[PDB]
Amino acid sequence: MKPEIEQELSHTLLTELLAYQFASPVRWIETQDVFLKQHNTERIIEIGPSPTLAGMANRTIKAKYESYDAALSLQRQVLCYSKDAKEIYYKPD
Amino acid sequence: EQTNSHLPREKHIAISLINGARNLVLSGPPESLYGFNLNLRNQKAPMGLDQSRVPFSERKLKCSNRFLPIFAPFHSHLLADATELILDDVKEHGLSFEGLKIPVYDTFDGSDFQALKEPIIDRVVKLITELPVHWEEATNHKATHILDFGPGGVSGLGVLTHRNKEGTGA
Amino acid sequence: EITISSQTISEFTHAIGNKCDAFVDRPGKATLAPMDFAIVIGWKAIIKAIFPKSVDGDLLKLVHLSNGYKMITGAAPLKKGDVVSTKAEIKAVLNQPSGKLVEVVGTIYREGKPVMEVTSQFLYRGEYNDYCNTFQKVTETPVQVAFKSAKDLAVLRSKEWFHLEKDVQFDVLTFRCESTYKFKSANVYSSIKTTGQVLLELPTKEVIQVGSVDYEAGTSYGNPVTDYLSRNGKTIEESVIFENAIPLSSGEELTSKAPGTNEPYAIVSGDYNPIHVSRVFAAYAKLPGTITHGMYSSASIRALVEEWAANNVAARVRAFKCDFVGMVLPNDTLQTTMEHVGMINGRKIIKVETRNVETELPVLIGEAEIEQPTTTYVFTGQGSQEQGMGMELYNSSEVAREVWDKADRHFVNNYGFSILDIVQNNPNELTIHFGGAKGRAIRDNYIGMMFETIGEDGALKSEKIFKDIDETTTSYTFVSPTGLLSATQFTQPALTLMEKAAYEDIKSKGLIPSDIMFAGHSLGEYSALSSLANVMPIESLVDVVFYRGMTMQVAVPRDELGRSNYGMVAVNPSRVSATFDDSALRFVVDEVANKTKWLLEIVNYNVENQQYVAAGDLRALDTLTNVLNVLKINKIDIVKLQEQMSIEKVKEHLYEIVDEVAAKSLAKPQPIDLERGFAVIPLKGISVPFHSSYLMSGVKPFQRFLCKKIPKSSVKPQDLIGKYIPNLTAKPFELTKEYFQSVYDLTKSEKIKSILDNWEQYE
């Protein structure tokens, strides 16, 4: 695709995704089943006031990917900006 | 089957040595055997759990597992390509075993090497590298004294084959 | 052209002792080649650059001083099917007091595309006066000059080396520049050619060149172009160094040992220098014996940092450079240290020193850039607001302070409030005053913000809801009894400012990987693509997220009390029964919306079997909290009724259950206060069932608002494709025809189904 075309296809799709995100259910399960499984992410970092997605990640790891992380030997590190700030900035105690 | 379900078949794990009723040796890649004992640490219990006050059928399984000082995946499919290469070197040299005199039991089948259609060396290289070990089938004795000339001594084969034959008079 | 065979890799890794499993041949994995196999590919291109006549030296006193590797950003490592060629260019031949330095940068090509650069550096020791045949090519540091007064534009237009080719006003300029020096004595220059491009960052994130640099002079003593940028601007610094460097591993673990002989590495890499192998050449140049190859100590220490710093992952190390500060005899034992010091572009700067342990003298001083682990960023939505969001991150971080200060003075100049005092000193009500000349310029922002919502009857109720702000209004009051920071149109600009304040502080420290996959929940969505895809500025983000808060709030009809018959409920299906499935409750929601002809939908698909959030009218919410209570005591599982009953007769089975609780739901006073159930936690503070089909009518003014706040040129697709996980279509963002259909089947869009029809004009 030409670079002028592949913006316009992405421009309309990015707006139609956000505008209809307002009125369609957020599917955070198979969202979590992408960046835990399809991408195999070690560092999951929440940025927010309180870990409502770090705790939402840890409940999906133990329910769906505990025997998965043992078999493929991934050590997933869950992190938030609320509590785990010293681990992100690499200023460890 | 829990661990190999998350892994390809080139990292599949199989039973290699069966040293008894409750003595097994697993074999595979070292990283996927490390995938085995991470799962087991979730379902095992520490030795000082003191399950004496919980009834028997609702106890948790306890075990000790650790890697052996062995630097090849013996008795598995990982070395099946090596088996054709080894007996080619047997053919290039003067390696052959003549007429047998005492019965030597097969390790996988449990049969005698005196009754073979095949030669012995191209049988035994299929038997160290590829085929698993059924040890208590292989020492299905009529025997009173058993001598381990092998390594280990107090840690050798003789101590683990002692516990299989504690009350059978060996 | 060299072809990377499988035999050439294994002979190389055996010669250097690289144990790492990515380089040995295994089925189910493409056999990877070493990055130190660059010098095997590119030796005959590099050392051909010290043979020309203009660089005339005693070659037998050559000292290999430093070599460095650099993977090109976006290039894959070498494989065993790759047909690989090399072009090398020579950078700097300069006469030093310690000799004649030669730097050669050899860029290794593969199928046309470049893969990695090898920055090698030599030295003809001695004294050399050949200033006629010396030169230097340097790529200068990008300096970002920030223009703040009005005399500053007058200064560089007096500089004859600057020539702007456009009539474009500019705030800040980055000069990405390259130089070519020629010498005439030790520190005078015979000629300088300095060219370069000047760059402007637009508010729509498009980079357009403003002009050029063309400097050229003879018999100078310094470069004016760089000395102007040295004082009148800051360098664009990417190597951000920590305050206290952290050691990676400590103890004795680190040792390595020299070979017995240098003959295996010489025949592999082609490094046939007889200093390393021969007794007589090494004794001729008075060097202490048949010393080790430098390229062995390159590949040996790099194999140490690849397993002890990158956790034996071969793809992580992307850059490695070392200085051959000392010499090592064979069988010497080398103890190295390994230290994590800085960051650049999300990959870890790691500095190493290799010391001969029986002498304690340094041999190598090196530096490596390895990738981080595979990182993903999730952004928190609304629900977790509290007073004091990141004010320690506002008081202590520069870069996070300029995103709050830039945003509240976009609120206080265009909407009439300050978002800092909403976060810091949370009020219960806020009066917006429409005062003088600029105050009448603020209330007509509020008059233009009109949402349109057609009813269910098909009649277009083009009606005015803001009677409260009209051409005579001088003040409007925002009221919320809990607090303004908990009110909907103020909670969400407070989050996306806080989450971009934390992101741009994290981004300024060099922490952002290139292979990241980022996401956000409901409100977080915007906080993501404004952070990582930078699709809208700080000022245009805060308009959308405030407009979205007023789009969702008055989309639901209120009574005289300002309360509503709608709401949201968080559902834990594990608390009713351990055998209560995912398909258990979403079957319950399916039938009870079909029976009563109400709207009830689960809007947050957060966690399998533990965290769902159901939304709809409160009569359906009092229905659902009573069904999941009565199915706890009766222990009725639907999936066990699948083998007990047929497919259709479960629809007639629910009338004995749900009609009893639906009648008692209407027997309560209709705008009910929801109580806590056994498997039900009602969200206290919410009143609008967003992410449901109720708000489908209210999208069309909001969909028009994004088309002027998200400009056409700001969409950089490379940060979107495969890294952005939406919430509408929860598989990653990709512009393929199967992806648009998955969007269109879920929302019945109008604009994509036009381009889904005439799809074939893409290539």
# chains A, B, ... in the order shown; residues from 1 in each chain; ligands from 1

$ select_by_dssp --residues "chain A" --states "helix (DSSP H, G or I)" --output "JSON, numbers by chain"
{"A": [5, 6, 7, 8, 9, 10, 11, 12, 13, 14, 15, 16, 17, 18, 19, 20, 21, 28, 29, 30, 31, 32, 33, 34, 35, 36, 37, 38, 54, 55, 56, 57, 58, 59, 60, 61, 62, 63, 64, 66, 67, 68, 69, 70, 71]}

$ residues_around --residues "stretch 315-331 of chain C" --least-positions-apart "6" --cutoff "6 Å" --atoms "only C-alpha atoms" --output "mmCIF file with N, CA and C atoms, in the first residue's frame"
data_model
loop_
_atom_site.group_PDB
_atom_site.id
_atom_site.type_symbol
_atom_site.label_atom_id
_atom_site.label_comp_id
_atom_site.auth_asym_id
_atom_site.auth_seq_id
_atom_site.Cartn_x
_atom_site.Cartn_y
_atom_site.Cartn_z
ATOM 1 N N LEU C 65 42.531 -1.091 18.253
ATOM 2 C CA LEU C 65 42.185 -0.405 19.494
ATOM 3 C C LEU C 65 40.755 -0.646 19.948
ATOM 4 N N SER C 66 39.784 -0.562 19.048
ATOM 5 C CA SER C 66 38.404 -0.716 19.473
ATOM 6 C C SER C 66 37.553 -1.188 18.313
ATOM 7 N N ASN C 67 36.535 -1.976 18.637
ATOM 8 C CA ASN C 67 35.551 -2.362 17.643
ATOM 9 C C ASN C 67 34.173 -2.341 18.279
ATOM 10 N N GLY C 68 33.172 -2.047 17.455
ATOM 11 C CA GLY C 68 31.809 -1.960 17.926
ATOM 12 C C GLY C 68 30.824 -2.463 16.899
ATOM 13 N N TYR C 69 29.743 -3.037 17.410
ATOM 14 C CA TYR C 69 28.650 -3.563 16.611
ATOM 15 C C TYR C 69 27.417 -2.726 16.878
ATOM 16 N N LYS C 70 26.547 -2.617 15.886
ATOM 17 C CA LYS C 70 25.288 -1.909 16.041
ATOM 18 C C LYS C 70 24.267 -2.520 15.105
ATOM 19 N N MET C 71 23.271 -3.195 15.668
ATOM 20 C CA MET C 71 22.144 -3.625 14.859
ATOM 21 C C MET C 71 21.320 -2.419 14.440
ATOM 22 N N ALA C 258 41.411 -17.349 28.452
ATOM 23 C CA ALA C 258 42.000 -17.239 27.127
ATOM 24 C C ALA C 258 42.196 -18.629 26.515
ATOM 25 N N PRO C 259 42.352 -18.733 25.194
ATOM 26 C CA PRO C 259 42.638 -20.043 24.604
ATOM 27 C C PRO C 259 44.061 -20.486 24.899
ATOM 28 N N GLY C 260 44.359 -21.723 24.505
ATOM 29 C CA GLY C 260 45.737 -22.165 24.519
ATOM 30 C C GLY C 260 46.538 -21.668 23.343
ATOM 31 N N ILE C 291 50.042 -12.992 21.407
ATOM 32 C CA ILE C 291 48.907 -12.466 22.158
ATOM 33 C C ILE C 291 47.594 -12.851 21.497
ATOM 34 N N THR C 292 46.517 -12.820 22.277
ATOM 35 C CA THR C 292 45.199 -13.236 21.817
ATOM 36 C C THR C 292 44.688 -12.238 20.783
ATOM 37 N N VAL C 363 41.856 -4.817 30.661
ATOM 38 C CA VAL C 363 42.153 -5.250 29.301
ATOM 39 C C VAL C 363 41.092 -4.708 28.360
ATOM 40 N N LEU C 364 39.828 -4.949 28.683
ATOM 41 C CA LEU C 364 38.739 -4.367 27.921
ATOM 42 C C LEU C 364 37.997 -3.358 28.773
ATOM 43 N N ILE C 365 37.565 -2.287 28.120
ATOM 44 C CA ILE C 365 36.507 -1.433 28.630
ATOM 45 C C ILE C 365 35.460 -1.346 27.538
ATOM 46 N N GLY C 366 34.256 -1.790 27.861
ATOM 47 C CA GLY C 366 33.265 -1.976 26.828
ATOM 48 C C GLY C 366 31.916 -1.450 27.248
ATOM 49 N N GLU C 367 30.943 -1.644 26.364
ATOM 50 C CA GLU C 367 29.591 -1.159 26.586
ATOM 51 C C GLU C 367 28.654 -1.926 25.672
ATOM 52 N N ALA C 368 27.480 -2.264 26.194
ATOM 53 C CA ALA C 368 26.509 -3.031 25.434
ATOM 54 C C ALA C 368 25.116 -2.456 25.618
ATOM 55 N N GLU C 369 24.300 -2.588 24.575
ATOM 56 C CA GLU C 369 22.893 -2.212 24.601
ATOM 57 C C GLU C 369 22.048 -3.444 24.328
ATOM 58 N N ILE C 370 21.407 -3.984 25.361
ATOM 59 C CA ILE C 370 20.545 -5.145 25.196
ATOM 60 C C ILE C 370 19.103 -4.700 25.363
ATOM 61 N N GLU C 371 18.185 -5.421 24.723
ATOM 62 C CA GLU C 371 16.764 -5.137 24.864
ATOM 63 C C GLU C 371 16.282 -5.459 26.271
#

$ closest_residue --among "B:31, B:130, B:58, B:1" --to "chain A" --atoms "only C-alpha atoms"
B:31

$ select_by_dssp --residues "stretch 156-392 of chain C" --states "strand (DSSP E or B)" --output "PyMOL selection string"
chain C and resi 162-164+172-183+189-201+207-220+234-235+240-247+256-257+317-324+333-344+347-356+361-370+375-379

$ atom_distance --atom1 "atom CA of residue C:210" --atom2 "atom CA of residue C:195"
14.1 Å

$ interface_residues --of "chain B" --to "chain A" --cutoff "6 Å" --atoms "only C-alpha atoms" --output "NGL selection string"
:B and (3 or 6 or 35 or 38-39)

$ interface_residues --of "chain B" --to "chain C" --cutoff "12 Å" --atoms "only C-alpha atoms" --output "list in words"
residues 7, 8, 9, 10, 11, 12, 29, 30, 31 and 78 of chain B

$ write_last_selection --atoms "N, CA, C and O atoms" --output "short mmCIF file (atom, residue, chain, number, x, y, z; two decimals), in the first residue's frame"
data_model
loop_
_atom_site.label_atom_id
_atom_site.label_comp_id
_atom_site.auth_asym_id
_atom_site.auth_seq_id
_atom_site.Cartn_x
_atom_site.Cartn_y
_atom_site.Cartn_z
N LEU B 7 3.94 -27.36 24.74
CA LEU B 7 5.24 -27.44 24.11
C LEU B 7 5.15 -28.19 22.78
O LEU B 7 4.25 -29.01 22.60
N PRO B 8 6.06 -27.93 21.84
CA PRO B 8 6.09 -28.73 20.61
C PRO B 8 6.60 -30.14 20.86
O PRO B 8 6.91 -30.54 21.99
N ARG B 9 6.70 -30.91 19.78
CA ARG B 9 7.09 -32.31 19.94
C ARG B 9 8.59 -32.48 19.96
O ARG B 9 9.10 -33.54 20.33
N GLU B 10 9.32 -31.45 19.57
CA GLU B 10 10.77 -31.46 19.73
C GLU B 10 11.19 -31.07 21.14
O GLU B 10 12.36 -31.23 21.49
N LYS B 11 10.25 -30.56 21.94
CA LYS B 11 10.45 -30.36 23.37
C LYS B 11 9.52 -31.22 24.20
O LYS B 11 9.33 -30.94 25.39
N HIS B 12 8.92 -32.24 23.60
CA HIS B 12 8.11 -33.23 24.28
C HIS B 12 8.95 -34.04 25.27
O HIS B 12 10.14 -34.29 25.05
N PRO B 29 14.65 -32.10 26.77
CA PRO B 29 15.49 -30.90 26.85
C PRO B 29 15.56 -30.38 28.27
O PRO B 29 14.61 -30.56 29.05
N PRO B 30 16.68 -29.77 28.66
CA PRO B 30 16.80 -29.27 30.04
C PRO B 30 15.85 -28.13 30.36
O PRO B 30 15.48 -27.96 31.52
N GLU B 31 15.44 -27.35 29.36
CA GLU B 31 14.53 -26.25 29.65
C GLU B 31 13.10 -26.75 29.83
O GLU B 31 12.34 -26.19 30.63
N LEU B 78 15.03 -37.99 21.42
CA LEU B 78 15.93 -36.89 21.09
C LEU B 78 17.21 -37.35 20.43
O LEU B 78 17.84 -36.57 19.71
#

$ closest_atom_pairs --of "chain A" --to "chain C" --cutoff "9 Å" --atoms "only C-alpha atoms" --output "tab-separated table"
residue	atom	partner	partner_atom	distance
A:1	CA	C:763	CA	4.7
A:2	CA	C:763	CA	6.8
A:5	CA	C:762	CA	6.9
A:6	CA	C:717	CA	7.5
A:7	CA	C:717	CA	6.3
A:8	CA	C:712	CA	7.5
A:9	CA	C:735	CA	6.8
A:10	CA	C:735	CA	6.5
A:11	CA	C:715	CA	6.3
A:12	CA	C:752	CA	7.2
A:13	CA	C:752	CA	7.1
A:14	CA	C:715	CA	8.7
A:15	CA	C:706	CA	6.6
A:16	CA	C:703	CA	7.4
A:17	CA	C:728	CA	6.2
A:18	CA	C:525	CA	7.7
A:19	CA	C:703	CA	5.3
A:20	CA	C:699	CA	6.8
A:21	CA	C:728	CA	5.4
A:22	CA	C:691	CA	5.5
A:23	CA	C:691	CA	4.1
A:24	CA	C:691	CA	4.3
A:25	CA	C:603	CA	4.3
A:26	CA	C:727	CA	4.6
A:27	CA	C:605	CA	4.9
A:28	CA	C:606	CA	4.8
A:29	CA	C:606	CA	5.3
A:30	CA	C:730	CA	6.2
A:31	CA	C:730	CA	5.2
A:32	CA	C:606	CA	8.5
A:34	CA	C:731	CA	7.0
A:35	CA	C:376	CA	7.0
A:39	CA	C:374	CA	7.9
A:40	CA	C:374	CA	7.1
A:41	CA	C:374	CA	4.7
A:42	CA	C:374	CA	5.5
A:43	CA	C:375	CA	4.6
A:44	CA	C:376	CA	5.2
A:45	CA	C:377	CA	4.9
A:46	CA	C:378	CA	4.9
A:47	CA	C:379	CA	5.2
A:48	CA	C:380	CA	4.9
A:49	CA	C:384	CA	6.3
A:50	CA	C:384	CA	6.2
A:51	CA	C:380	CA	7.9
A:52	CA	C:380	CA	6.9
A:53	CA	C:380	CA	6.5
A:54	CA	C:378	CA	8.6
A:56	CA	C:607	CA	7.0
A:57	CA	C:607	CA	8.5
A:59	CA	C:607	CA	7.4
A:60	CA	C:607	CA	6.4
A:63	CA	C:608	CA	8.1
A:64	CA	C:608	CA	8.5
A:81	CA	C:502	CA	7.9
A:88	CA	C:511	CA	8.1
A:89	CA	C:506	CA	7.4
A:90	CA	C:242	CA	8.3
A:91	CA	C:244	CA	7.8
A:92	CA	C:246	CA	8.1

$ closest_residue --among "C:115, C:240, C:465, C:407" --to "residue C:557" --atoms "only C-alpha atoms"
C:465
